[PDB]
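Have a look at target_15.cif; it's mmCIF, N, CA and C atoms and all ligand atoms:
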```cif
data_upload
loop_
_atom_site.label_atom_id
_atom_site.label_comp_id
_atom_site.auth_asym_id
_atom_site.auth_seq_id
_atom_site.Cartn_x
_atom_site.Cartn_y
_atom_site.Cartn_z
N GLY A 1 12.46 1.14 -29.37
CA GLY A 1 11.82 -0.18 -29.17
C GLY A 1 10.47 -0.04 -28.50
N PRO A 2 9.74 -1.14 -28.43
CA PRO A 2 8.36 -1.09 -27.95
C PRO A 2 8.21 -1.10 -26.44
N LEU A 3 7.04 -0.62 -26.01
CA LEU A 3 6.65 -0.61 -24.60
C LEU A 3 5.91 -1.90 -24.28
N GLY A 4 6.21 -2.48 -23.13
CA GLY A 4 5.57 -3.72 -22.72
C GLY A 4 4.40 -3.55 -21.77
N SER A 5 4.34 -2.44 -21.04
CA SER A 5 3.38 -2.33 -19.94
C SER A 5 1.98 -1.99 -20.46
N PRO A 6 0.93 -2.56 -19.86
CA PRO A 6 -0.43 -2.20 -20.26
C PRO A 6 -0.78 -0.79 -19.81
N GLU A 7 -1.66 -0.14 -20.57
CA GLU A 7 -2.16 1.17 -20.17
C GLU A 7 -2.97 1.08 -18.88
N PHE A 8 -3.75 0.01 -18.72
CA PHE A 8 -4.62 -0.19 -17.58
C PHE A 8 -4.47 -1.63 -17.10
N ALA A 9 -4.60 -1.82 -15.79
CA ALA A 9 -4.57 -3.17 -15.24
C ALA A 9 -5.36 -3.18 -13.94
N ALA A 10 -5.83 -4.37 -13.59
CA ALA A 10 -6.44 -4.65 -12.30
C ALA A 10 -5.53 -5.60 -11.53
N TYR A 11 -5.16 -5.21 -10.33
CA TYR A 11 -4.28 -6.00 -9.49
C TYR A 11 -5.02 -6.45 -8.24
N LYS A 12 -4.89 -7.73 -7.90
CA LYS A 12 -5.53 -8.25 -6.70
C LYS A 12 -4.71 -7.85 -5.49
N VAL A 13 -5.35 -7.19 -4.55
CA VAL A 13 -4.74 -6.80 -3.29
C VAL A 13 -5.28 -7.71 -2.22
N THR A 14 -4.38 -8.36 -1.50
CA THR A 14 -4.71 -9.11 -0.29
C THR A 14 -4.18 -8.32 0.87
N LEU A 15 -5.06 -7.90 1.77
CA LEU A 15 -4.66 -7.28 3.02
C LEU A 15 -4.72 -8.30 4.13
N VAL A 16 -3.59 -8.46 4.81
CA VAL A 16 -3.51 -9.24 6.02
C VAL A 16 -3.62 -8.25 7.17
N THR A 17 -4.79 -8.17 7.75
CA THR A 17 -5.03 -7.27 8.85
C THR A 17 -4.66 -8.00 10.13
N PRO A 18 -4.74 -7.36 11.29
CA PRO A 18 -4.29 -8.04 12.50
C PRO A 18 -5.04 -9.33 12.78
N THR A 19 -6.29 -9.46 12.32
CA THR A 19 -7.06 -10.65 12.65
C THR A 19 -7.70 -11.34 11.45
N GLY A 20 -7.51 -10.86 10.23
CA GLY A 20 -8.16 -11.48 9.10
C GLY A 20 -7.50 -11.09 7.80
N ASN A 21 -8.00 -11.68 6.73
CA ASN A 21 -7.65 -11.28 5.38
C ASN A 21 -8.87 -10.72 4.68
N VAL A 22 -8.64 -9.72 3.84
CA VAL A 22 -9.65 -9.23 2.92
C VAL A 22 -8.95 -8.94 1.60
N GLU A 23 -9.70 -9.07 0.51
CA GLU A 23 -9.12 -8.98 -0.82
C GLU A 23 -10.03 -8.15 -1.70
N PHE A 24 -9.43 -7.47 -2.67
CA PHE A 24 -10.20 -6.69 -3.63
C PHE A 24 -9.29 -6.42 -4.82
N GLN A 25 -9.90 -6.00 -5.90
CA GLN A 25 -9.16 -5.57 -7.07
C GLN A 25 -8.85 -4.10 -6.94
N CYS A 26 -7.65 -3.72 -7.38
CA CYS A 26 -7.19 -2.35 -7.32
C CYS A 26 -6.69 -1.95 -8.70
N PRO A 27 -7.23 -0.90 -9.29
CA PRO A 27 -6.65 -0.39 -10.54
C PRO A 27 -5.20 0.06 -10.36
N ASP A 28 -4.46 0.04 -11.47
CA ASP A 28 -3.06 0.46 -11.47
C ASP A 28 -2.88 1.91 -11.03
N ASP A 29 -3.92 2.74 -11.12
CA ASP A 29 -3.81 4.16 -10.84
C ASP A 29 -4.63 4.57 -9.62
N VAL A 30 -4.88 3.63 -8.71
CA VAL A 30 -5.56 3.90 -7.45
C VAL A 30 -4.65 3.44 -6.31
N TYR A 31 -4.53 4.28 -5.29
CA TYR A 31 -3.71 3.92 -4.15
C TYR A 31 -4.38 2.78 -3.37
N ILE A 32 -3.56 1.96 -2.72
CA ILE A 32 -4.06 0.84 -1.93
C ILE A 32 -5.16 1.30 -0.98
N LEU A 33 -4.89 2.33 -0.19
CA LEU A 33 -5.86 2.76 0.80
C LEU A 33 -7.18 3.15 0.15
N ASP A 34 -7.12 3.88 -0.97
CA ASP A 34 -8.35 4.34 -1.60
C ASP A 34 -9.17 3.18 -2.12
N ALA A 35 -8.50 2.21 -2.73
CA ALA A 35 -9.22 1.04 -3.23
C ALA A 35 -9.83 0.25 -2.08
N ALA A 36 -9.12 0.12 -0.97
CA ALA A 36 -9.69 -0.56 0.19
C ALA A 36 -10.92 0.16 0.70
N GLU A 37 -10.86 1.48 0.80
CA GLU A 37 -12.01 2.23 1.28
C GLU A 37 -13.20 2.12 0.33
N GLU A 38 -12.95 2.09 -0.97
CA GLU A 38 -14.04 1.89 -1.93
C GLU A 38 -14.78 0.59 -1.65
N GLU A 39 -14.10 -0.39 -1.06
CA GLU A 39 -14.71 -1.66 -0.70
C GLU A 39 -15.24 -1.66 0.73
N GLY A 40 -15.23 -0.50 1.40
CA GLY A 40 -15.75 -0.41 2.74
C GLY A 40 -14.82 -0.88 3.82
N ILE A 41 -13.53 -1.07 3.51
CA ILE A 41 -12.56 -1.52 4.50
C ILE A 41 -12.03 -0.32 5.26
N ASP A 42 -12.06 -0.41 6.59
CA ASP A 42 -11.72 0.70 7.48
C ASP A 42 -10.24 0.59 7.82
N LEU A 43 -9.40 1.26 7.05
CA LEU A 43 -7.96 1.24 7.29
C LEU A 43 -7.51 2.54 7.94
N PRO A 44 -6.42 2.49 8.71
CA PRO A 44 -5.99 3.68 9.43
C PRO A 44 -5.33 4.69 8.49
N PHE A 45 -5.58 5.97 8.74
CA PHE A 45 -4.95 7.03 7.97
C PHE A 45 -5.08 8.33 8.73
N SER A 46 -4.28 9.32 8.39
CA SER A 46 -4.50 10.65 8.91
C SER A 46 -4.14 11.68 7.84
N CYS A 47 -2.86 11.83 7.50
CA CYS A 47 -2.51 12.90 6.57
C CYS A 47 -2.96 12.61 5.16
N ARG A 48 -3.01 11.34 4.77
CA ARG A 48 -3.29 10.90 3.39
C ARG A 48 -2.35 11.56 2.38
N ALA A 49 -1.11 11.87 2.79
CA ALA A 49 -0.19 12.63 1.95
C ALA A 49 1.20 12.02 1.94
N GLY A 50 1.37 10.83 2.50
CA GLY A 50 2.64 10.16 2.47
C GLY A 50 3.68 10.64 3.45
N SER A 51 3.30 11.43 4.44
CA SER A 51 4.27 12.07 5.31
C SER A 51 4.08 11.71 6.78
N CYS A 52 3.45 10.58 7.07
CA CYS A 52 3.26 10.14 8.44
C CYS A 52 3.23 8.62 8.48
N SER A 53 3.00 8.08 9.68
CA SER A 53 3.07 6.65 9.92
C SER A 53 1.70 6.00 10.01
N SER A 54 0.61 6.76 9.94
CA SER A 54 -0.71 6.23 10.31
C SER A 54 -1.08 5.01 9.48
N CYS A 55 -0.83 5.08 8.18
CA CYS A 55 -1.32 4.10 7.22
C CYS A 55 -0.29 3.01 6.94
N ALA A 56 0.68 2.85 7.81
CA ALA A 56 1.80 1.97 7.52
C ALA A 56 1.38 0.52 7.42
N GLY A 57 2.06 -0.19 6.52
CA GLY A 57 1.89 -1.60 6.29
C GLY A 57 3.23 -2.19 5.93
N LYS A 58 3.23 -3.50 5.65
CA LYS A 58 4.42 -4.21 5.22
C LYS A 58 4.08 -5.06 4.01
N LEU A 59 4.88 -4.94 2.97
CA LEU A 59 4.65 -5.70 1.76
C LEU A 59 5.20 -7.11 1.94
N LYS A 60 4.34 -8.10 1.74
CA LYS A 60 4.74 -9.50 1.82
C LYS A 60 5.05 -10.08 0.46
N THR A 61 4.22 -9.79 -0.54
CA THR A 61 4.51 -10.25 -1.89
C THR A 61 3.97 -9.26 -2.91
N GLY A 62 4.63 -9.23 -4.06
CA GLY A 62 4.32 -8.32 -5.13
C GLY A 62 5.25 -7.12 -5.17
N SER A 63 4.81 -6.11 -5.91
CA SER A 63 5.60 -4.90 -6.07
C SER A 63 4.69 -3.68 -6.06
N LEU A 64 5.13 -2.65 -5.36
CA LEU A 64 4.41 -1.39 -5.22
C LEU A 64 5.27 -0.24 -5.71
N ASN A 65 4.62 0.73 -6.32
CA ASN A 65 5.24 2.04 -6.55
C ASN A 65 4.89 2.94 -5.38
N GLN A 66 5.90 3.46 -4.70
CA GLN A 66 5.74 4.36 -3.58
C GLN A 66 6.51 5.65 -3.80
N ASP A 67 6.65 6.08 -5.04
CA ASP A 67 7.35 7.33 -5.29
C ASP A 67 6.61 8.51 -4.69
N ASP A 68 5.31 8.38 -4.43
CA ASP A 68 4.54 9.50 -3.91
C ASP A 68 4.66 9.64 -2.41
N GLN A 69 5.28 8.70 -1.71
CA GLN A 69 5.44 8.81 -0.26
C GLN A 69 6.76 9.51 0.06
N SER A 70 6.84 10.05 1.28
CA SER A 70 8.05 10.76 1.69
C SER A 70 8.56 10.40 3.08
N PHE A 71 7.67 9.99 3.98
CA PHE A 71 8.06 9.81 5.37
C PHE A 71 9.03 8.65 5.58
N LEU A 72 8.85 7.54 4.86
CA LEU A 72 9.74 6.40 5.03
C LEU A 72 11.05 6.68 4.29
N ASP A 73 12.17 6.34 4.91
CA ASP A 73 13.43 6.54 4.22
C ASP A 73 13.68 5.40 3.23
N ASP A 74 14.71 5.58 2.40
CA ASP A 74 14.91 4.63 1.30
C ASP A 74 15.14 3.22 1.84
N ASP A 75 15.85 3.11 2.96
CA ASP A 75 16.12 1.79 3.52
C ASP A 75 14.83 1.15 4.02
N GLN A 76 13.97 1.93 4.69
CA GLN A 76 12.69 1.40 5.16
C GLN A 76 11.86 0.90 4.00
N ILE A 77 11.84 1.65 2.91
CA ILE A 77 11.17 1.17 1.70
C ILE A 77 11.79 -0.14 1.22
N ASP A 78 13.12 -0.18 1.15
CA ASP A 78 13.77 -1.42 0.72
C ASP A 78 13.46 -2.58 1.65
N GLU A 79 13.22 -2.31 2.94
CA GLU A 79 12.94 -3.35 3.92
C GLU A 79 11.47 -3.76 3.98
N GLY A 80 10.63 -3.20 3.13
CA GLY A 80 9.28 -3.69 2.95
C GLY A 80 8.21 -2.80 3.52
N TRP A 81 8.58 -1.69 4.13
CA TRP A 81 7.57 -0.81 4.71
C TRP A 81 6.79 -0.07 3.63
N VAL A 82 5.51 0.16 3.92
CA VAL A 82 4.57 0.73 2.97
C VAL A 82 3.73 1.80 3.65
N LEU A 83 3.53 2.93 2.97
CA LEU A 83 2.50 3.89 3.36
C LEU A 83 1.34 3.68 2.39
N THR A 84 0.30 2.99 2.85
CA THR A 84 -0.80 2.55 2.00
C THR A 84 -1.57 3.70 1.35
N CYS A 85 -1.53 4.91 1.91
CA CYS A 85 -2.22 6.04 1.30
C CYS A 85 -1.50 6.55 0.07
N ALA A 86 -0.28 6.08 -0.20
CA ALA A 86 0.55 6.66 -1.25
C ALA A 86 1.20 5.59 -2.12
N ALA A 87 0.70 4.37 -2.06
CA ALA A 87 1.28 3.24 -2.78
C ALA A 87 0.33 2.74 -3.86
N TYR A 88 0.87 2.49 -5.05
CA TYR A 88 0.14 1.87 -6.14
C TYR A 88 0.65 0.45 -6.38
N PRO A 89 -0.24 -0.52 -6.60
CA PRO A 89 0.23 -1.84 -7.00
C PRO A 89 0.68 -1.83 -8.45
N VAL A 90 1.76 -2.57 -8.73
CA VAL A 90 2.17 -2.86 -10.10
C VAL A 90 2.11 -4.36 -10.40
N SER A 91 1.58 -5.14 -9.46
CA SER A 91 1.32 -6.56 -9.58
C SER A 91 0.26 -6.86 -8.53
N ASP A 92 -0.24 -8.09 -8.51
CA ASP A 92 -0.97 -8.53 -7.34
C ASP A 92 -0.06 -8.36 -6.13
N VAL A 93 -0.62 -7.94 -5.00
CA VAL A 93 0.17 -7.71 -3.80
C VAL A 93 -0.53 -8.25 -2.58
N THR A 94 0.28 -8.61 -1.59
CA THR A 94 -0.18 -8.92 -0.24
C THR A 94 0.53 -7.99 0.71
N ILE A 95 -0.25 -7.26 1.50
CA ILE A 95 0.24 -6.24 2.41
C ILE A 95 -0.34 -6.50 3.79
N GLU A 96 0.52 -6.55 4.80
CA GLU A 96 0.06 -6.54 6.18
C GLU A 96 -0.23 -5.11 6.58
N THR A 97 -1.42 -4.88 7.09
CA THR A 97 -1.86 -3.54 7.49
C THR A 97 -1.68 -3.31 8.99
N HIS A 98 -1.97 -2.08 9.41
CA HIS A 98 -1.96 -1.75 10.83
C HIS A 98 -0.58 -1.97 11.46
N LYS A 99 0.49 -1.61 10.75
CA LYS A 99 1.85 -1.87 11.21
C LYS A 99 2.55 -0.64 11.79
N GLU A 100 1.81 0.45 12.00
CA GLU A 100 2.41 1.68 12.52
C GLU A 100 3.31 1.42 13.72
N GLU A 101 2.84 0.62 14.68
CA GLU A 101 3.58 0.49 15.92
C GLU A 101 4.94 -0.16 15.74
N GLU A 102 5.21 -0.79 14.59
CA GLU A 102 6.49 -1.45 14.35
C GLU A 102 7.55 -0.52 13.77
N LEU A 103 7.16 0.68 13.34
CA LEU A 103 8.09 1.63 12.75
C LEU A 103 8.90 2.35 13.83
N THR A 104 9.98 3.00 13.39
CA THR A 104 10.71 3.99 14.16
C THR A 104 10.97 5.20 13.28
N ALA A 105 11.15 6.35 13.92
CA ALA A 105 11.55 7.57 13.22
C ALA A 105 12.08 8.61 14.21
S1 LIG A 201 -1.93 8.61 6.26
FE1 LIG A 201 -0.03 9.77 6.59
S2 LIG A 201 1.38 8.77 5.23
FE2 LIG A 201 -0.49 7.73 4.84
#
```

Let's see the structure in the file written out as structure tokens.
Ligand code: FES
Amino acid sequence: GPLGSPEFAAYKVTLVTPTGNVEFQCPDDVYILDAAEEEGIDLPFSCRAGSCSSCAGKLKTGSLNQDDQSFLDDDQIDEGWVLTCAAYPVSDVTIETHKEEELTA
């Protein structure tokens, strides 16, 4: 049977930062953090490899692929936690950024 998904897409990312919102378009094959930086948004990061808490966020709406991350356990992923350096949007998304301090490990 046929495939439904587009080869390419642009997804609107809304970041809810601690004090404001900023928005930009993100290609389907660009990580949230990278697309934000391309727009000059200064988001926290360190390893950029999915294995730490620096870039943590929380997904409020939409859907993300986070198969490339490793530090968050499956339950944390199910509970909405995001490593923005290793997440791809598969829809328009709203993500709260700067959420490192809310994690445990
Ligand atoms: S910066 Fe370490 S997991 Fe994203």

Could you list, as a ChimeraX atom specification, every residue within 8 Å of residue 79 of chain A, counting all atoms listed in the file and ignoring same-chain residues fewer than 5 positions away? /A:58-59,73-74

Go ahead and write the selection's residues with N, CA and C atoms as a compact mmCIF listing (two decimals), keeping the file's coordinate frame.
```txt
# COMPACT_ATOMS: atom_id res chain seq x y z
N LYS A 58 3.23 -3.50 5.65
CA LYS A 58 4.42 -4.21 5.22
C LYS A 58 4.08 -5.06 4.01
N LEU A 59 4.88 -4.94 2.97
CA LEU A 59 4.65 -5.70 1.76
C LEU A 59 5.20 -7.11 1.94
N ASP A 73 12.17 6.34 4.91
CA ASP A 73 13.43 6.54 4.22
C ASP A 73 13.68 5.40 3.23
N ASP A 74 14.71 5.58 2.40
CA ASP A 74 14.91 4.63 1.30
C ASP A 74 15.14 3.22 1.84
```

I'd like to know which residues of chain A are strand (DSSP E) (by DSSP, run on the backbone); could you write them as a ChimeraX atom specification? /A:10-16,21-27,56-61,64-65,81-83,88-89,93-96

At most 7 Å is the cut-off: for each residue in chain A with any atom that close to an atom of ligand LIG 201 (chain A), write down the nearest atom pair and the distance in Å rounded to one decimal, counting all atoms listed in the file, chain first then increasing number, as JSON lines.
```
{"residue": "A:44", "atom": "C", "partner": "A:LIG201", "partner_atom": "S1", "distance": 5.6}
{"residue": "A:45", "atom": "CA", "partner": "A:LIG201", "partner_atom": "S1", "distance": 3.8}
{"residue": "A:46", "atom": "N", "partner": "A:LIG201", "partner_atom": "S1", "distance": 3.3}
{"residue": "A:47", "atom": "N", "partner": "A:LIG201", "partner_atom": "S1", "distance": 3.6}
{"residue": "A:48", "atom": "N", "partner": "A:LIG201", "partner_atom": "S1", "distance": 3.3}
{"residue": "A:49", "atom": "N", "partner": "A:LIG201", "partner_atom": "FE1", "distance": 4.5}
{"residue": "A:50", "atom": "CA", "partner": "A:LIG201", "partner_atom": "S2", "distance": 3.3}
{"residue": "A:51", "atom": "N", "partner": "A:LIG201", "partner_atom": "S2", "distance": 3.4}
{"residue": "A:52", "atom": "N", "partner": "A:LIG201", "partner_atom": "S2", "distance": 3.3}
{"residue": "A:53", "atom": "N", "partner": "A:LIG201", "partner_atom": "FE1", "distance": 4.6}
{"residue": "A:54", "atom": "N", "partner": "A:LIG201", "partner_atom": "FE1", "distance": 4.5}
{"residue": "A:55", "atom": "N", "partner": "A:LIG201", "partner_atom": "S1", "distance": 4.2}
{"residue": "A:56", "atom": "N", "partner": "A:LIG201", "partner_atom": "FE2", "distance": 5.8}
{"residue": "A:69", "atom": "CA", "partner": "A:LIG201", "partner_atom": "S2", "distance": 6.8}
{"residue": "A:70", "atom": "N", "partner": "A:LIG201", "partner_atom": "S2", "distance": 6.9}
{"residue": "A:71", "atom": "N", "partner": "A:LIG201", "partner_atom": "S2", "distance": 6.5}
{"residue": "A:83", "atom": "C", "partner": "A:LIG201", "partner_atom": "FE2", "distance": 5.1}
{"residue": "A:84", "atom": "N", "partner": "A:LIG201", "partner_atom": "FE2", "distance": 5.2}
{"residue": "A:85", "atom": "N", "partner": "A:LIG201", "partner_atom": "FE2", "distance": 4.2}
{"residue": "A:86", "atom": "N", "partner": "A:LIG201", "partner_atom": "FE2", "distance": 5.3}
```

Within 8 Å of segment 92-104 of chain A, counting only N, CA and C atoms, which residues qualify if same-chain residues fewer than 2 places away don't, as JSON, numbers by chain? {"A": [10, 11, 12, 13, 14, 15, 16, 17, 18, 43, 44, 53, 54, 55, 56, 57, 58, 59, 60, 61, 62, 63, 64, 89, 90]}

How many Å lie between atom N of residue 87 of chain A and atom N of residue 3 of chain A, rounded to one decimal? 25.3 Å

Rank nothing, just name the residue among A:65, A:82, A:75, A:2 nearest to residue 30 of chain A, using only C-alpha atoms.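 With only C-alpha atoms as the atom set, the closest residue is A:65.
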
Counting only C-alpha atoms, select every polymer residue within 10 Å of (-11.0, -1.9, 1.3) as defined in the file's coordinates, and provide the selection as a PDB file with N, CA and C atoms, in the coordinates of the input.
```pdb
ATOM      1  N   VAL A  13      -5.350  -7.190  -4.550  1.00  0.00           N
ATOM      2  CA  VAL A  13      -4.740  -6.800  -3.290  1.00  0.00           C
ATOM      3  C   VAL A  13      -5.280  -7.710  -2.220  1.00  0.00           C
ATOM      4  N   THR A  14      -4.380  -8.360  -1.500  1.00  0.00           N
ATOM      5  CA  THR A  14      -4.710  -9.110  -0.290  1.00  0.00           C
ATOM      6  C   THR A  14      -4.180  -8.320   0.870  1.00  0.00           C
ATOM      7  N   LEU A  15      -5.060  -7.900   1.770  1.00  0.00           N
ATOM      8  CA  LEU A  15      -4.660  -7.280   3.020  1.00  0.00           C
ATOM      9  C   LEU A  15      -4.720  -8.300   4.130  1.00  0.00           C
ATOM     10  N   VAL A  22      -8.640  -9.720   3.840  1.00  0.00           N
ATOM     11  CA  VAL A  22      -9.650  -9.230   2.920  1.00  0.00           C
ATOM     12  C   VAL A  22      -8.950  -8.940   1.600  1.00  0.00           C
ATOM     13  N   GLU A  23      -9.700  -9.070   0.510  1.00  0.00           N
ATOM     14  CA  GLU A  23      -9.120  -8.980  -0.820  1.00  0.00           C
ATOM     15  C   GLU A  23     -10.030  -8.150  -1.700  1.00  0.00           C
ATOM     16  N   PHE A  24      -9.430  -7.470  -2.670  1.00  0.00           N
ATOM     17  CA  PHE A  24     -10.200  -6.690  -3.630  1.00  0.00           C
ATOM     18  C   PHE A  24      -9.290  -6.420  -4.820  1.00  0.00           C
ATOM     19  N   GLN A  25      -9.900  -6.000  -5.900  1.00  0.00           N
ATOM     20  CA  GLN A  25      -9.160  -5.570  -7.070  1.00  0.00           C
ATOM     21  C   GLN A  25      -8.850  -4.100  -6.940  1.00  0.00           C
ATOM     22  N   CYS A  26      -7.650  -3.720  -7.380  1.00  0.00           N
ATOM     23  CA  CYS A  26      -7.190  -2.350  -7.320  1.00  0.00           C
ATOM     24  C   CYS A  26      -6.690  -1.950  -8.700  1.00  0.00           C
ATOM     25  N   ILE A  32      -3.560   1.960  -2.720  1.00  0.00           N
ATOM     26  CA  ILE A  32      -4.060   0.840  -1.930  1.00  0.00           C
ATOM     27  C   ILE A  32      -5.160   1.300  -0.980  1.00  0.00           C
ATOM     28  N   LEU A  33      -4.890   2.330  -0.190  1.00  0.00           N
ATOM     29  CA  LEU A  33      -5.860   2.760   0.800  1.00  0.00           C
ATOM     30  C   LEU A  33      -7.180   3.150   0.150  1.00  0.00           C
ATOM     31  N   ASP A  34      -7.120   3.880  -0.970  1.00  0.00           N
ATOM     32  CA  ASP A  34      -8.350   4.340  -1.600  1.00  0.00           C
ATOM     33  C   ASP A  34      -9.170   3.180  -2.120  1.00  0.00           C
ATOM     34  N   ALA A  35      -8.500   2.210  -2.730  1.00  0.00           N
ATOM     35  CA  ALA A  35      -9.220   1.040  -3.230  1.00  0.00           C
ATOM     36  C   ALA A  35      -9.830   0.250  -2.080  1.00  0.00           C
ATOM     37  N   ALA A  36      -9.120   0.120  -0.970  1.00  0.00           N
ATOM     38  CA  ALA A  36      -9.690  -0.560   0.190  1.00  0.00           C
ATOM     39  C   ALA A  36     -10.920   0.160   0.700  1.00  0.00           C
ATOM     40  N   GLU A  37     -10.860   1.480   0.800  1.00  0.00           N
ATOM     41  CA  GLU A  37     -12.010   2.230   1.280  1.00  0.00           C
ATOM     42  C   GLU A  37     -13.200   2.120   0.330  1.00  0.00           C
ATOM     43  N   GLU A  38     -12.950   2.090  -0.970  1.00  0.00           N
ATOM     44  CA  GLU A  38     -14.040   1.890  -1.930  1.00  0.00           C
ATOM     45  C   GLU A  38     -14.780   0.590  -1.650  1.00  0.00           C
ATOM     46  N   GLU A  39     -14.100  -0.390  -1.060  1.00  0.00           N
ATOM     47  CA  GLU A  39     -14.710  -1.660  -0.700  1.00  0.00           C
ATOM     48  C   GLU A  39     -15.240  -1.660   0.730  1.00  0.00           C
ATOM     49  N   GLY A  40     -15.230  -0.500   1.400  1.00  0.00           N
ATOM     50  CA  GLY A  40     -15.750  -0.410   2.740  1.00  0.00           C
ATOM     51  C   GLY A  40     -14.820  -0.880   3.820  1.00  0.00           C
ATOM     52  N   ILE A  41     -13.530  -1.070   3.510  1.00  0.00           N
ATOM     53  CA  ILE A  41     -12.560  -1.520   4.500  1.00  0.00           C
ATOM     54  C   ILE A  41     -12.030  -0.320   5.260  1.00  0.00           C
ATOM     55  N   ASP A  42     -12.060  -0.410   6.590  1.00  0.00           N
ATOM     56  CA  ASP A  42     -11.720   0.700   7.480  1.00  0.00           C
ATOM     57  C   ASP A  42     -10.240   0.590   7.820  1.00  0.00           C
ATOM     58  N   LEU A  43      -9.400   1.260   7.050  1.00  0.00           N
ATOM     59  CA  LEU A  43      -7.960   1.240   7.290  1.00  0.00           C
ATOM     60  C   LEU A  43      -7.510   2.540   7.940  1.00  0.00           C
TER      61      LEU A  43
END
```

Looking only at the backbone, which of the residues in chain A does DSSP tag as helix (DSSP H, G or I), as a VMD selection string? chain A and resid 32 to 38 74 to 78 84 to 86 100 to 102

Resulting file, chosen residues, N, CA and C atoms, as a PDB file, in the coordinates of the input:
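Saved as result-v3.pdb:
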```
ATOM      1  N   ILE A  32      -3.560   1.960  -2.720  1.00  0.00           N
ATOM      2  CA  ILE A  32      -4.060   0.840  -1.930  1.00  0.00           C
ATOM      3  C   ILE A  32      -5.160   1.300  -0.980  1.00  0.00           C
ATOM      4  N   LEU A  33      -4.890   2.330  -0.190  1.00  0.00           N
ATOM      5  CA  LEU A  33      -5.860   2.760   0.800  1.00  0.00           C
ATOM      6  C   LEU A  33      -7.180   3.150   0.150  1.00  0.00           C
ATOM      7  N   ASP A  34      -7.120   3.880  -0.970  1.00  0.00           N
ATOM      8  CA  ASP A  34      -8.350   4.340  -1.600  1.00  0.00           C
ATOM      9  C   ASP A  34      -9.170   3.180  -2.120  1.00  0.00           C
ATOM     10  N   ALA A  35      -8.500   2.210  -2.730  1.00  0.00           N
ATOM     11  CA  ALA A  35      -9.220   1.040  -3.230  1.00  0.00           C
ATOM     12  C   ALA A  35      -9.830   0.250  -2.080  1.00  0.00           C
ATOM     13  N   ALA A  36      -9.120   0.120  -0.970  1.00  0.00           N
ATOM     14  CA  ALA A  36      -9.690  -0.560   0.190  1.00  0.00           C
ATOM     15  C   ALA A  36     -10.920   0.160   0.700  1.00  0.00           C
ATOM     16  N   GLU A  37     -10.860   1.480   0.800  1.00  0.00           N
ATOM     17  CA  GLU A  37     -12.010   2.230   1.280  1.00  0.00           C
ATOM     18  C   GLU A  37     -13.200   2.120   0.330  1.00  0.00           C
ATOM     19  N   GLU A  38     -12.950   2.090  -0.970  1.00  0.00           N
ATOM     20  CA  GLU A  38     -14.040   1.890  -1.930  1.00  0.00           C
ATOM     21  C   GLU A  38     -14.780   0.590  -1.650  1.00  0.00           C
ATOM     22  N   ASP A  74      14.710   5.580   2.400  1.00  0.00           N
ATOM     23  CA  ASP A  74      14.910   4.630   1.300  1.00  0.00           C
ATOM     24  C   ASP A  74      15.140   3.220   1.840  1.00  0.00           C
ATOM     25  N   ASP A  75      15.850   3.110   2.960  1.00  0.00           N
ATOM     26  CA  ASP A  75      16.120   1.790   3.520  1.00  0.00           C
ATOM     27  C   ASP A  75      14.830   1.150   4.020  1.00  0.00           C
ATOM     28  N   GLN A  76      13.970   1.930   4.690  1.00  0.00           N
ATOM     29  CA  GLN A  76      12.690   1.400   5.160  1.00  0.00           C
ATOM     30  C   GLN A  76      11.860   0.900   4.000  1.00  0.00           C
ATOM     31  N   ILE A  77      11.840   1.650   2.910  1.00  0.00           N
ATOM     32  CA  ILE A  77      11.170   1.170   1.700  1.00  0.00           C
ATOM     33  C   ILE A  77      11.790  -0.140   1.220  1.00  0.00           C
ATOM     34  N   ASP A  78      13.120  -0.180   1.150  1.00  0.00           N
ATOM     35  CA  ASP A  78      13.770  -1.420   0.720  1.00  0.00           C
ATOM     36  C   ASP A  78      13.460  -2.580   1.650  1.00  0.00           C
ATOM     37  N   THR A  84       0.300   2.990   2.850  1.00  0.00           N
ATOM     38  CA  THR A  84      -0.800   2.550   2.000  1.00  0.00           C
ATOM     39  C   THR A  84      -1.570   3.700   1.350  1.00  0.00           C
ATOM     40  N   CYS A  85      -1.530   4.910   1.910  1.00  0.00           N
ATOM     41  CA  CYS A  85      -2.220   6.040   1.300  1.00  0.00           C
ATOM     42  C   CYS A  85      -1.500   6.550   0.070  1.00  0.00           C
ATOM     43  N   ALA A  86      -0.280   6.080  -0.200  1.00  0.00           N
ATOM     44  CA  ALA A  86       0.550   6.660  -1.250  1.00  0.00           C
ATOM     45  C   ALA A  86       1.200   5.590  -2.120  1.00  0.00           C
ATOM     46  N   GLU A 100       1.810   0.450  12.000  1.00  0.00           N
ATOM     47  CA  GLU A 100       2.410   1.680  12.520  1.00  0.00           C
ATOM     48  C   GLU A 100       3.310   1.420  13.720  1.00  0.00           C
ATOM     49  N   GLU A 101       2.840   0.620  14.680  1.00  0.00           N
ATOM     50  CA  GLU A 101       3.580   0.490  15.920  1.00  0.00           C
ATOM     51  C   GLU A 101       4.940  -0.160  15.740  1.00  0.00           C
ATOM     52  N   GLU A 102       5.210  -0.790  14.590  1.00  0.00           N
ATOM     53  CA  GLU A 102       6.490  -1.450  14.350  1.00  0.00           C
ATOM     54  C   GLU A 102       7.550  -0.520  13.770  1.00  0.00           C
TER      55      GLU A 102
END
```

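One finds atom C of residue 88 of chain A at 10.9 Å from atom CA of residue 9 of chain A.
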
Within 12 Å of residue 6 of chain A using only C-alpha atoms, minus same-chain residues under 5 positions, as an mmCIF file with N, CA and C atoms, in the frame of the given file:
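out_6.cif, freshly written:
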```cif
data_model
loop_
_atom_site.group_PDB
_atom_site.id
_atom_site.type_symbol
_atom_site.label_atom_id
_atom_site.label_comp_id
_atom_site.auth_asym_id
_atom_site.auth_seq_id
_atom_site.Cartn_x
_atom_site.Cartn_y
_atom_site.Cartn_z
ATOM 1 N N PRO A 27 -7.230 -0.900 -9.290
ATOM 2 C CA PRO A 27 -6.650 -0.390 -10.540
ATOM 3 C C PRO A 27 -5.200 0.060 -10.360
ATOM 4 N N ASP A 28 -4.460 0.040 -11.470
ATOM 5 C CA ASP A 28 -3.060 0.460 -11.470
ATOM 6 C C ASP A 28 -2.880 1.910 -11.030
ATOM 7 N N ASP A 29 -3.920 2.740 -11.120
ATOM 8 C CA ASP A 29 -3.810 4.160 -10.840
ATOM 9 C C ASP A 29 -4.630 4.570 -9.620
ATOM 10 N N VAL A 90 1.760 -2.570 -8.730
ATOM 11 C CA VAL A 90 2.170 -2.860 -10.100
ATOM 12 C C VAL A 90 2.110 -4.360 -10.400
ATOM 13 N N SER A 91 1.580 -5.140 -9.460
ATOM 14 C CA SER A 91 1.320 -6.560 -9.580
ATOM 15 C C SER A 91 0.260 -6.860 -8.530
#
```
